[PDB]
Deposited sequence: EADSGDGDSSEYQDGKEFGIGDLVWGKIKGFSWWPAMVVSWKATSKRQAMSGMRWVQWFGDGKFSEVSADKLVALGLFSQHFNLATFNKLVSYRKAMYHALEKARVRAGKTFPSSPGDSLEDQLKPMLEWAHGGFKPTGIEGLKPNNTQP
């Protein structure tokens, strides 16, 4: 099947992806069939970016697990860009549901406990709870 190149990351994985000129941005690894383009080159993954829904073919070496959060979250970009805050909401919402996490009940106000959870290490599940399926 897809992505059998001995590199990390499979379909459904929540990741940070790094494109030249941009901060690390959250994304989900997808099958090339979802992209309406072409099969990824060996060593690459198609990802779909949270916040804008676009697809990019990105080297596996330029991806890391979303669970390595406090290590790749860019606070300057977050303060500066509303699109980045939006991306984080959609990414962490996906993470939350997967981990079976719940928060008590505005964007910045919805984000706040989600960021704390993420930044704190995604407790109680830890990064294991972010896996697909």
>> Where does the structure fail to cover the deposited sequence at the C-alpha level?
In response: 1-9, 115-118, 147-150
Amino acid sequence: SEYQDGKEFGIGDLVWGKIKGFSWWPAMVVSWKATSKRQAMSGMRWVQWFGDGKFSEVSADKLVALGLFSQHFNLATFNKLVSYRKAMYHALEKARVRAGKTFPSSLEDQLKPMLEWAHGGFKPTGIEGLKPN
From here on, numbers count along this sequence of modelled residues.
> Any chance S36 is unbuilt in a third or more of the other entries we compared?
Replying inline: no
>> If you look at the other compared entries where the surrounding residues are built, does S105 lack coordinates in a third or more?
In response: yes
> Taking the recorded C-alpha temperature factors, which stretch has the higher mean, 6-14 or 106-114?
Replying inline: 106-114
>> How does the C-alpha B factor of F22 compare with the rest of the chain: lowest, middle or highest third?
In response: highest
> Would the CA B-factor of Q39 place it in the lowest, middle or highest third of its chain?
Replying inline: middle
>> Test of reading the entry: by CA B factor among the chain's modelled residues, which third contains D61?
In response: highest
> When the modelled residues of the chain are sorted by Cα temperature factor, does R98 land in the lowest, middle or highest third?
Replying inline: middle
> Based on the entry's values, in what third of the chain does the Cα temperature factor of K80 lie: lowest, middle or highest?
Replying inline: highest
